[PDB]
Structure formats: C-alpha cells, structure tokens
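Protein chains in written order, with the authors' numbering: chain C, 2 to 148; chain E, 2 to 104; chain Y, 156 to 206; chain Z, 263 to 314; chain B, 2 to 69; chain G, 2 to 188. Cβ coordinates follow ideal geometry from the N, Cα and C atoms, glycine included.
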RNA sequence: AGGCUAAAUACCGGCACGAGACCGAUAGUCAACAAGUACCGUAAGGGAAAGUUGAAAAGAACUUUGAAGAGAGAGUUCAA
RNA sequence: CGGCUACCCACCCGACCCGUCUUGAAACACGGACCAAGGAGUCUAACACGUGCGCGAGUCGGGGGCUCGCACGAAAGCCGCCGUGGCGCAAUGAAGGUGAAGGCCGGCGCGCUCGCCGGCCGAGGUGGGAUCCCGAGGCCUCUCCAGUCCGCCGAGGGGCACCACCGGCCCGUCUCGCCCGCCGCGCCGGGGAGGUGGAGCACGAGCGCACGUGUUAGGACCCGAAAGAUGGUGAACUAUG
RNA sequence: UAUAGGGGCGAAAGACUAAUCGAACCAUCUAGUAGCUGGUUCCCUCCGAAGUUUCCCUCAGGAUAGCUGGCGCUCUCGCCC
RNA sequence: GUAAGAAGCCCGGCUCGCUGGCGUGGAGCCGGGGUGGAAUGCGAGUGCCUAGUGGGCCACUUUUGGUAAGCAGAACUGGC
Ligand SMILES: [Mg+2]
Ligand SMILES: [Mg+2]
Ligand SMILES: [Mg+2]
Ligand SMILES: [Mg+2]
Ligand SMILES: [Mg+2]
Ligand SMILES: [Mg+2]
Ligand SMILES: [Mg+2]
Ligand SMILES: [Mg+2]
Ligand SMILES: [Mg+2]
Ligand SMILES: [Mg+2]
Ligand SMILES: [Mg+2]
Ligand SMILES: [Mg+2]
Ligand SMILES: [Mg+2]
Ligand SMILES: [Mg+2]
Ligand SMILES: [Mg+2]
Ligand SMILES: [Mg+2]
Ligand SMILES: [Mg+2]
Ligand SMILES: [Mg+2]
Ligand SMILES: [Mg+2]
Ligand SMILES: [Mg+2]
Ligand SMILES: [Mg+2]
Ligand SMILES: [Mg+2]
Ligand SMILES: [Mg+2]
Ligand SMILES: [Mg+2]
Ligand SMILES: [Mg+2]
Ligand SMILES: [Mg+2]
Ligand SMILES: [Mg+2]
Ligand SMILES: [Mg+2]
Ligand SMILES: [Mg+2]
Ligand SMILES: [Mg+2]
Ligand SMILES: [Mg+2]
Ligand SMILES: [Mg+2]
Ligand SMILES: [Mg+2]
Ligand SMILES: [Mg+2]
Ligand SMILES: [Mg+2]
Ligand SMILES: [Mg+2]
Ligand SMILES: [Mg+2]
Ligand SMILES: [Mg+2]
Ligand SMILES: [Mg+2]
C-alpha cells in the first residue's frame, strides 16, 4: 500500500521528515544494542532492569520434556467431561460418583481454585496440591493418584 | 539506537543471509510431483495396498507422551516368532521386521 | 494403526479409607523417602560399625 | 452444505451459519412504528436565522 | 571550541505551557511508611471491628431509631 | 490578534464510527435519531458506545453479567451490553435473564436458551424500550486487557509493578542487575 | 576401529519447454542490431554507441540549370 | 457591443537570486551556462502500540494428505481419530519444589493474642461514580368521581466501567511459636501468627488476518573516501648484474 | 638473459619499478566504513516547538527528562444555587 | 509556602494484642444531624504512541572577569 504509505504524502518537503539540522545519516548511536554499559545506561536501566549478569545454577543439556507438568484448575475440572454426566450424577441418583481422569485430557497436576460444587467426584491425576485435595474432601469426593 | 519502552532485539541477520535464501515457490509443483509419485506407485505395484507394510502399536518414550500411542516401525522379532512365521517371509508378506526392538 | 483406546471408568460408589487416606502428604513423604533413601542406609552402616 | 441456523452443517465439520446483527432492519418501518413515535419529543422545524 | 555552559533561560515559559498543577491528592491517602507498631495495632483493630461490631452496633442502631 | 489563549478547542472525539460495517452504520443512524429525538441519556451513552472502537467495547463474561443482575432490584431489568458476550466455563447455573447485546457467541446463546432466556438485538431493543426503561447498562473489564499491565511510570525504579518487555520468562532473561540485592543495587 | 545400497532432497551451468498484476530501447542481461563485435592497454583485463520509410519500393522515369554536390518542373502513393 | 485572458506596449508604487549549513544570506559564503530523459525513505524478519474484521477460553492450518490428466487452477475447496505444535488460560523460586475463597449465622473447647464442628451464601469492604429504579409534592375550562395519559421532581434505593485506599490468598526469604499426620516413627512430612521481595490472584481476553506509525538488523534514503585481505599480470621506459 | 610488490633494484635522492611508488597495476571481498559535506520530487486544511537537566574517552554525537502532534477515553452543560 | 469547608463540623456508640492510675489517650469502624461559607475568570481529569530538538543570540533592569568591546559568563521577562 504505497498509496496509503506516508512517503507518498511527504514529497515536496526538503528533509523528508527527518529535520534539516539533525540529518539522519547512517547510524548515530551505534548498531543494535551498542553502549549497554557506556552511554545508553539510562535506557537499559530504567527500561530493562536486570539485563546484565548471571543469577542461577548452570544446567547443561536441559530438556523441556522431563519437567512437563501442565496445570488444570477446579473451575475447568468439570468441563473435561461432558455436562450430561454431571447432570445425571447430580440428579440425586445414589451415593455413586463419576470418575474424571485429567490425564486423558492431557493435564498432569490439579491445582486448587474456588467454586467447586457440592456434587462428589473422583479425580485421578499424577500430582495434587493440598488446596485441591482439601476442596475435594470438603465437597465429599476423594483424591486418587495414578502412575 | 534504542528508544522508549521497547523489547531488546537480537535478530540473527549479521551473517550475509540474502545470498543463501532457499524459497518455497516450487511447493505446489512438489505437491503435484508427490501426488503423481503416489499414483504411479499405486499403478506400479499390483493388488498390494498403498502404504503396504503394516505397522505396530507403540507407546512414546517421555514422561510427556507416554499416555499416547504411535504407529511404530516393526514387529520386534520375539513378537514375530510368537506369530509363528519366519523372518524374511514376513517382509514378503508385508509384515514389517525391525530386529532392534525389545519387548 | 492408531486407534487410541479409551477407557471409561463409568460409575462407582465412594467408599471410606480412600477419602480418609489418600491425602497430599503421601507424595511429599514418598518424595522425601526417595531423597533420603541412601543416607539412612549409611547411618545404618555407621551404627553397625560403632559396635 | 451450510446448514440452517438451527442445525449445524453436516458436510463441513465445525461450521455454523454466521450470527445476524439486526434482526429486522427496515429503518423506515422501525421509525414509523408507533412504539418509537409514542416516545418522540416533537418535530422542531422553525429555522430561526440571523437577525440584523 | 567553546559553548554556552549552563543557563535557565526559556524554562518558565516551557513549564507553564501545560501548567504547573498540584499532585492531585485523593481521599484516603497512601498509608505506607507509617509507624509499624501503630500499623500492627490498626490491622487487628480493623479485623476485630469487622468481627465484633455486628451485634452491639445493631442494638444501638435500634435504640437510636427508637429514640428518633 | 484576538486570543492570547492557546488553541486546543478542537476536541479529539470520535464523530463518525471509523468502521465501514453496514449493520453498525444502520445502528448508528437509528440510535443517533433516538438520542436527538427522545432526550434520554441512555440513548446518548449507547450512541457513544456504538461509536467506540474495537478495543473499548471489551467482551462481557457471562458470570459477571450474572453477578451484576443478582444484585438487589434488577430481576426484571434487562441487562444491556454494548459489546459481545463470551460464554463462561466457570459457573454452572444460569438464571432466566433477558440480555440485549451485539454478537453473542454460539455457546453463550446455546446455554442462555437452555436456561430458557431470551436475547435481543438493538433493533428489537429499540422497538421495546425506546427510552431504555427498565434496562441496566453493563460494561466490560477495560483494565484487564493485558497491554495495560505494561503501562506505568517505569518498569523498575520505585518498585513500579509493571512487567518489563522480554521474550521468554525464564532464568537469564532480565533478572540480574537491579532485580536482586547481591548484584549491584535493588530498584 | 571392514564394506555396499533406491526413495523423499539441492540445482542462477546445460538441453529443450511453458507462463508472468515484470521492463518497453537512457528501461530490461553489458548484448532487441555484424556483442563479448568495434575499440583501449604490452598484459592481467576493461568495453560501447547503434530498433522504426511505405500497405506495396511503387526508391522519383523524363525535361531543364549547374563541372558535380545541389536545385526547379514533372511523376509515385492517402500522404513526400 | 461585451470580454477575462500565460499577446504586446505605456505609466505609478512596491520591488536585491534561487537551494542550504547557519544566531545571522542579497552577500566580497558555497552549487547552479541553457534544455529533454533518468534520479533518492523501497523490501523482508522481529518487536511495540493504535486501528478494522472473524472466532471466542479458545484460536490458527501457515506442514502434510484428500478431488479426473482441463485456460484462468502455483488458484480455490475439504480434513478434526491430521491440533503434533505455536500463543493464552498460573505465577513463583537459583533450585530441589510449591502453586491463588472467602463471607454470614449457630455451637464447643478457659471464645484464652486459640482451634474445631454444624448450616447457608458466595469473589470482601470503604469514598466517588455515567445509567437505571422508586417517590413526597407540582401542573393541564362549571362543580363530584375517573382512568391511561403529561412532565418536573426535593429526596431515597441498587450501582457498570474506572480511580484511590484498606482487608484477603499463592510463591521466595526472615522472625516468633505450638499442634497434627504415619507404606513406617525420622537430622520425616503437614500446619499456625506476623513484616517483607514478586513481572501475581482477586470471574478470565486472547488468537489469527490486514492496515498505519516508530525502532532495530540487513548494501537500507541516495553518492562519497586515505585504507585492509585474497588471487594474479608486468623489467618494451627505468635500476643493477 | 636474471631479479616481482611489503617484494625487486638502488655510487643512497625513500629515487626507479610502463606518464602512478614513503608500498606498482587488474579483478574480487564490495553497494566496505563514516558521530562528516551535498541532494532528498503533488496541492490544500489544522496544530506547532527546541537549542535546557542528568549520564557517556561525551564537548560537531546519542540515551534520558522537558517542549510537540496524533489517537482516544471518563465525567460536566443545556430547564436561593 | 499554607489556609480560605460537606474529604468539613457536631453528637452517640463499638473494636484494638498499641498506650496505660482511670471506659486513659490515639486511631479505625458504624449510625445520626444540619452545604448559603473571600474577589474574578474558566470546562476539567486521565492514558498510550512519538517526531523534531540536545551549535543559540539580542533588549530593559540586576550582575561576575576585563581598560573595553558589536568580548567572555549568569538571573527575571519579552523578542529574534
Ligand atoms: Mg512544513
Ligand atoms: Mg537524528
Ligand atoms: Mg533516536
Ligand atoms: Mg544483548
Ligand atoms: Mg556484513
Ligand atoms: Mg550548547
Ligand atoms: Mg483576526
Ligand atoms: Mg497557531
Ligand atoms: Mg559398519
Ligand atoms: Mg562403515
Ligand atoms: Mg537419493
Ligand atoms: Mg525512443
Ligand atoms: Mg546497456
Ligand atoms: Mg514495408
Ligand atoms: Mg493522413
Ligand atoms: Mg555542520
Ligand atoms: Mg559563523
Ligand atoms: Mg539564501
Ligand atoms: Mg553560491
Ligand atoms: Mg560556478
Ligand atoms: Mg523526470
Ligand atoms: Mg491489535
Ligand atoms: Mg497439545
Ligand atoms: Mg585495520
Ligand atoms: Mg597487502
Ligand atoms: Mg600475493
Ligand atoms: Mg629491457
Ligand atoms: Mg602491499
Ligand atoms: Mg614512474
Ligand atoms: Mg550506499
Ligand atoms: Mg565504495
Ligand atoms: Mg553534549
Ligand atoms: Mg497532547
Ligand atoms: Mg520523525
Ligand atoms: Mg525525546
Ligand atoms: Mg548538534
Ligand atoms: Mg529605575
Ligand atoms: Mg554575551
Ligand atoms: Mg561567542
């Protein structure tokens, strides 16, 4: 869209939108990130705090494959299973409960949140936070681990 | 060179990249080539099915993917012996033989 | 060749023992047991050596 | 191939018909229906030009 | 190679373009920096206000409504 | 010369809606007519929120639009939203309520009708309530938009609480000088 | 610590080949034409300019000045 | 007869030659003899923000496969038991790891700076806050009764967005403390109460496309150096055998 | 006929080495680099500056504030205070 | 520089592990009551993005170095 570009409107002006005095030449300050310690520190500090230095232990050959533990919340915990199941299991049927397996959906660790309805369920996961374990024992369901 | 509150850029362009640009323009032509190769394979074989060799049932190997299941490579000669059939006879029948696989 | 098999685990009555037992602390106690499996054996060998 | 708004498309998998923004849209009909003209101020039509 | 070193000319006329207004100062001023002993007092004061202030204040509201 | 006062009279308001959308232009025509022929300030606010852009008509969520109608005194009042409605996955149970809004999503219309409600568009809203009698206007979370958690006086100097720009939130990316006391300073 | 092997893959040289929101003779390859030609330098090497009559040569017979170039009449064709 | 005109001429007054560096240009500052054609902020990646559109806690087929070999077809269309994957939905720690619900009432243990139990509601509260609702009273041709109907309302109610503050919750550390749990009784876990660091939560707003602006890397607005490296060609002038 | 470029040769002038020598010529890397000169092409409307603070082997330059413009947004008006 | 009122007054009560002769002090919370509180003028508040700028000079008055300057260097206001 050269016709909508600013450059077609800017013709007829001598400096083309970069000043007569300043004169955009090639590379005024440097290139890229020149002067990170020397003369751009008032940008680097005050706009990127923490850019210089080492912090942590050096870990070699890291895989983003062993540490794979996605989270799922007690809000989302119902809609991994169809809502026909929670309706039928909530329509005063018997003491029984449905089993919701989050490892089928692809979630390993069940974290706690709020608003878990009183309807008791059985959850199978690889990991549990004690928040969500308290919430499940408070609504009356049970915690089950897998492997 | 930098400015107001904007993210630090480190692009990888200092190397003379404009020389070695291989560009996808022959992509529809390769799709037509590979269609004609598959149709030529189907006509050149016989009654034998396309993607002819059968593939096993194989589970991935990472705390991440071990729930899933994958079409593997071959049938792990212990399994192929329990099937009661000889080795290269399975390659002629269309049964994939991969001798490195352990059970 | 995929046919990713899907298990149901339909319905069951909640029982006891489980909902009194299967708490958070099982994972932490097992993890600390796995971390300190060796040093307890070393102190066992020390207690055998001290005669 | 595209369905109605009540049932989904059968040949195309996840696709419904689009949402519809104004349901009935004869603007002359809407402005000359009595429910609006009950609640209008008045036609103010004196011009009141410049007085020398 | 000599230049004009420091001046403050043409500064007031820049400062009074948008205007030298005050720092707003809204209600319920920021409460950081105050005496930590007093703050430890006032937090338990607030939560026990909200704890015990139901019954006797409801009684006194009924009493002042009966009076007036 | 006349005025030693500066020139800054021209307000930077949005007169015509910058979108080219035909249905939105027709709604602009109708509600501009109502805002100049009814003298109800509800029509003024609906007209300005129809002018308003893609960002500042943020989507309402179904749970908030439930909570603002569970307030005392708003049962029969129709909740009117300028902007769109998203279906929520959090709450289970939805009451009967009537909602007039632009472009309600498919699952949200689905579970509103499963609750047994009735939705309307703004032409039907005009044919029912021209002065907007018995309507409660709602608004979306403008400051919850994620770009507003980059805006502050700085990213680090008087604690600033404002999320500096970086590629990947891990170690070794913007954590070292001035974010911890053992390395130089601390904010 | 000995060896072989198709496929999928890269291809601005070549051989033909088809297309183009590309340039239209100061552009596009330097080269639309006797172009790596004329030419410069001892040599390594450097390197151009230069498209268009008319539908058809029908290219002005013949006369008449001038030593001829050149001209005036005449003629060709829709146009000299 | 009327006529502006890029025709020409007369006269009065104003009237220094343009471009740029510059505090300062008519300058005894530089460039411009004249004319025609060419001649300079492009493109990609990446990011940020504003804008428009679609879908919406999702979204995206950009890589493949599917359709008969048909100009436009290097198009378009479909996949969904191709969502693998990207970005987001959850942050925080160097890491081992850990990972966001409270409010209201009834009761008990010494209701003791303290924990437990029972019921219900459900993202707390304060001050502003567009809008909405209610409403004293007020006004419409004889005197009674009438209804919509009419409009202003003192005042009052619930209160969006957002702002300001307090309270709450998670993680890292620090301080002070006691209690519980038992795939096994231990230099083992779990817990409490405060003050702090956090790019947090406190009913989610992104993703894709396109356009605009700005910044960066690229020959990057166009032309410009003295240099350096690689690899070759020259003693026909000259230098000396 | 011999000697070839940081090399040759020099009764020594840093002279000569194909009109070039205090480092020859030709091509390529190469559109090398430049905080430094020069130019930077259509109209109209609206608004409209700065030559100042701090820091930099910075003092012909940049980052930072300040000044400017655009994009809006949230309220206020119209009907004795 | 500050003040020239509803974010303010006045009354009544609750809570506190802070303070302590004292139901004392101080804060917070709740409910109630009465806006007419110098003059003058005006619409204000707020967020994002970011160009150009980072070589100045003169004038009144006050002023530093100098014999002095159309010199160098400052302050307040205006201009260029
Ligand atoms: Mg200009
Ligand atoms: Mg510049
Ligand atoms: Mg800059
Ligand atoms: Mg870097
Ligand atoms: Mg390079
Ligand atoms: Mg200066
Ligand atoms: Mg005037
Ligand atoms: Mg002006
Ligand atoms: Mg081998
Ligand atoms: Mg080998
Ligand atoms: Mg091969
Ligand atoms: Mg030509
Ligand atoms: Mg050429
Ligand atoms: Mg011809
Ligand atoms: Mg003709
Ligand atoms: Mg200069
Ligand atoms: Mg000068
Ligand atoms: Mg000039
Ligand atoms: Mg000149
Ligand atoms: Mg000249
Ligand atoms: Mg031209
Ligand atoms: Mg956007
Ligand atoms: Mg996935
Ligand atoms: Mg060098
Ligand atoms: Mg060299
Ligand atoms: Mg060499
Ligand atoms: Mg010789
Ligand atoms: Mg050399
Ligand atoms: Mg010579
Ligand atoms: Mg260049
Ligand atoms: Mg060059
Ligand atoms: Mg400087
Ligand atoms: Mg502005
Ligand atoms: Mg600019
Ligand atoms: Mg600036
Ligand atoms: Mg300068
Ligand atoms: Mg005087
Ligand atoms: Mg002076
Ligand atoms: Mg001077």
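Open item on the list: Tell me which residues share the same chain as residue 72 (chain E) and place their Cβ nearer than 6 Å to its Cβ, disregarding the 5 neighbours each side in the sequence.
Closed with: The residues are 56.
Task: Residue-chain proximity (residue 128 (chain C), chain E), Cβ-Cβ < 8 Å - done: no
Task: Residue span of the alpha helix (DSSP H) that contains residue 68 (chain B), given as start and end - done: Segment 56-68, the alpha helix (DSSP H) holding residue 68 (chain B).
Task: Rounded straight-line distance, which links the Cα of residue 127 (chain G) to that of residue 29 (chain G) - done: 12 Å
Open item on the list: Under 8 Å, Cβ to Cβ, is there at least one residue of chain E near residue 69 (chain C)?
Closed with: Closer than 8 Å: yes.
Task: 7 Å Cβ shell around residue 130 (chain G) - same chain, five flanking residues per side excluded - done: 136
TODO: For the beta strand (DSSP E) containing residue 102 (chain C), list its first residue and its last residue.
DONE: 97-102
Task: Given residue 84 (chain G) as reference, the closest of G:66, G:90, G:76, G:95 once Cα atoms are compared - done: G:66
- [ ] Verify whether the separation of the beta carbon atoms of residue 47 (chain C) and residue 158 (chain G) is less than 8 Å.
- [x] Residue 47 (chain C) is a Cβ neighbour of residue 158 (chain G), given a cutoff of 8 Å.
Open item on the list: Can you check whether the C-beta of residue 1 (chain G) is within less than 8 Å of a C-beta belonging to chain E?
Closed with: Chain G is shown from 2 up to 188; residue 1 (chain G) falls before or after that span and cannot be answered.
- [ ] Have a look at G:90, G:91, G:75, G:93 and flag the residue whose alpha-carbon is nearest the alpha-carbon of residue 100 (chain G).
- [x] G:75
Open item on the list: Counting only Cβ pairs nearer than 7 Å, list the residues of chain G close to residue 40 (chain C).
Closed with: Residues of chain G with a Cβ closer than 7 Å to the Cβ of residue 40 (chain C) do not exist; the shortest Cβ-Cβ separation is about 17 Å.
Task: Contact with chain Z by residue 30 (chain G), beta-carbon distance below 8 Å - done: yes
TODO: Taking only beta-carbon positions, decide if residue 34 (chain G) is within less than 8 Å of chain Z.
DONE: yes
TODO: Can you pull the chain G residues whose beta carbon is under 9 Å from the beta carbon of residue 7 (chain E), in chain order?
DONE: Contact note: residue 7 (chain E) reaches chain G through 166, using a C-beta cutoff of 9 Å and chain order.
Task: Contacts of residue 168 (chain Y) in chain C (Cβ-Cβ under 9 Å) - done: Contact of residue 168 (chain Y) with chain C by beta-carbon distance below 9 Å involves 95, 96, 97, 98.
TODO: Within 10 angstroms of the Cβ of residue 86 (chain G), are there 16 or more other Cβ atoms? Answer buried if so, exposed if not.
DONE: buried
Task: Where residue 143 (chain C) sits in the DSSP three-state scheme - done: Residue 143 (chain C): strand per DSSP, three-state reduction.
- [ ] Label residue 176 (chain G) either buried or exposed according to how many other C-beta atoms from any shown protein chain fall within 10 Å of its C-beta, with 16 as the threshold for buried.
- [x] buried
Open item on the list: Run through the DSSP bridge pairs and tell me what residue 285 (chain Z) is partnered with.
Closed with: The partner list for residue 285 (chain Z) (beta bridge, DSSP) is empty, contrary to what the question assumes.
Task: Rounded C-alpha distance that separates residue 37 (chain C) from residue 50 (chain C) - done: Here the C-alpha atom of residue 37 (chain C) lies approximately 12 Å from the C-alpha atom of residue 50 (chain C).
TODO: Specify the secondary structure class of residue 38 (chain G) as computed by DSSP and reduced to three states.
DONE: helix
Task: Per DSSP, cross-strand counterpart(s) of residue 101 (chain G) - done: Residue 101 (chain G) has G:81, G:121 as its beta-bridge partners, per DSSP.
Task: Pairwise C-alpha distance: residue 187 (chain Y) and residue 86 (chain E) - done: 50 Å
TODO: For residue 96 (chain E), return the contacting residues in chain Y, with the cut-off set at a CB-CB distance below 7 Å.
DONE: Under the 7 Å cutoff, chain Y gives no residues; its nearest Cβ is about 13 Å from residue 96 (chain E).
- [ ] Taking C-beta pairs closer than 9 Å, name the residues in chain G that residue 55 (chain C) reaches, listed in chain order.
- [x] 173, 177, 184
TODO: Would you please verify whether the beta carbon of residue 295 (chain Z) is less than 8 Å from any beta carbon of chain G?
DONE: yes
Task: Cβ-Cβ distance between residue 121 (chain C) and residue 140 (chain C) below 8 Å - done: yes
Task: Residues of its chain near residue 270 (chain Z), where Cβ-Cβ distance is below 6 Å and the 5 sequence neighbours each way are ignored - done: Annotation for residue 270 (chain Z): 278 place their beta carbon closer than 6 Å to its own, counting only its chain and skipping 5 residues before and after.
Open item on the list: If the cut-off is 8 Å on Cβ atoms, which residues from the stretch 49-77 of chain E count as contacting chain C, listed in chain order?
Closed with: 63, 64, 65, 68
Task: Per-residue burial, residue 72 (chain G) [other beta carbons within 10 Å of its own, 16 or more giving buried] - done: exposed
Task: Proximity winner among C:145, C:59, C:107, relative to residue 100 (chain C) (alpha-carbon distances) - done: C:145
Task: Stretch-stretch touch, CB-based, cutoff 8 Å, three pairs: the stretch 76-86 of chain C with the stretch 38-50 of chain E - done: Look at the beta carbons and you see the stretch 76-86 of chain C not touching the stretch 38-50 of chain E: under three pairs across the two are nearer than 8 Å.
TODO: Would you mind sorting residue 44 (chain C) into buried or exposed? The rule is 16 or more other CB atoms within 10 Å of its CB.
DONE: buried
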